[PDB]
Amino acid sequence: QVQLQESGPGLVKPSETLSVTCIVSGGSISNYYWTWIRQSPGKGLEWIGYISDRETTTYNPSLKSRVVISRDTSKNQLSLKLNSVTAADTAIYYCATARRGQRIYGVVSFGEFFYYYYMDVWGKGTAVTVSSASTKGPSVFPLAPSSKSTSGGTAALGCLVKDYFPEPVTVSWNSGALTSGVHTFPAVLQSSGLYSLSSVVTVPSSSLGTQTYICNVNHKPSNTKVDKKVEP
């Protein structure tokens, strides 16, 4: 039952080194082949390279000479470093466990066979933006509910997250307590080049005066955590 969680800088300056970390929980690192995959907006999933259970690594000739993949048993985590990055390197980076399969079309002796690799388990991935520009924390403003009345005991209540770079921002309500009515919208990229988004939950009208609603905003790159309370 391996669970994979990625971690990254969020922003990398051009010509600097990109480093991401995959946190493995509930299974030993040693038991699996491990690999890294990146996806870029204008490009398809790209295979960076893989590392065996024996610590043997094979890299993509395209990314060869810029990449290192390493394993840390003590922290039970995997690593991926990318030297001398450029905007071509802006992508979402995934780590995944890998399985090796052998298909023999002939006789194993005489080497009439070939290996193939496929990835059963994937991490959520981490977003990395390569830019000259500095990271900017977002400013959080509450979106007050109308108050009564709509003839249905629902009102729209949210938080506005403004002018942050780069992506992404994670928003939760009541410390993950309330999930039912929440809708967090995709961000918008402004002329400035900063991003903004909003998270909105639908709640009863009657509760609004006495109920507690707090939006928890996480921006790891900035790295900014802001909790803002919303009131009518």
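Residues carry their position along the shown sequence, with the first being 1.
- request: With reference to the PDB entry, specify whether the mean Cα temperature factor is higher for 131-139 or for 107-115.
  value: Per the PDB record, 107-115.
query: Averaging C-alpha B-factors over each stretch, which comes out higher, 147-155 or 122-130?
result: Result: 147-155.
task: Tell me which of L11, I214, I23, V20 tops the list for C-alpha B factor in the record.
output: Checking the PDB record, the top C-alpha B-factor among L11, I214, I23, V20 is at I214.
task: Name the one of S198, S175, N60, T57 with the greatest CA B-factor according to the PDB entry.
output: Highest C-alpha B-factor among the listed residues goes to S175.
- request: Check where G49 lands among this chain's C-alpha B-factors and tell me if it's the lowest, middle or highest third.
  value: Tercile = lowest for this residue's CA B-factor.
query: Mind checking which third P168 falls in for C-alpha B-factor across the chain?
result: Lowest third, going by the recorded CA B-factors of the chain.
message: Going by the CA temperature factor in the PDB record, which third of the chain does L194 belong to: lowest, middle or highest?
response: Ranked within chain, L194 CA B lands in the middle tercile.
Record-listed C-alpha B factor of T35: chain third: As the PDB entry reports it, the C-alpha B-factor of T35 lands in the lowest third of its chain.
message: Can you tell me whether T90 has a C-alpha B-factor in the lowest, middle or highest third compared with the other modelled residues of the same chain?
response: It belongs to the lowest third of the chain when residues are ordered by C-alpha B-factor.
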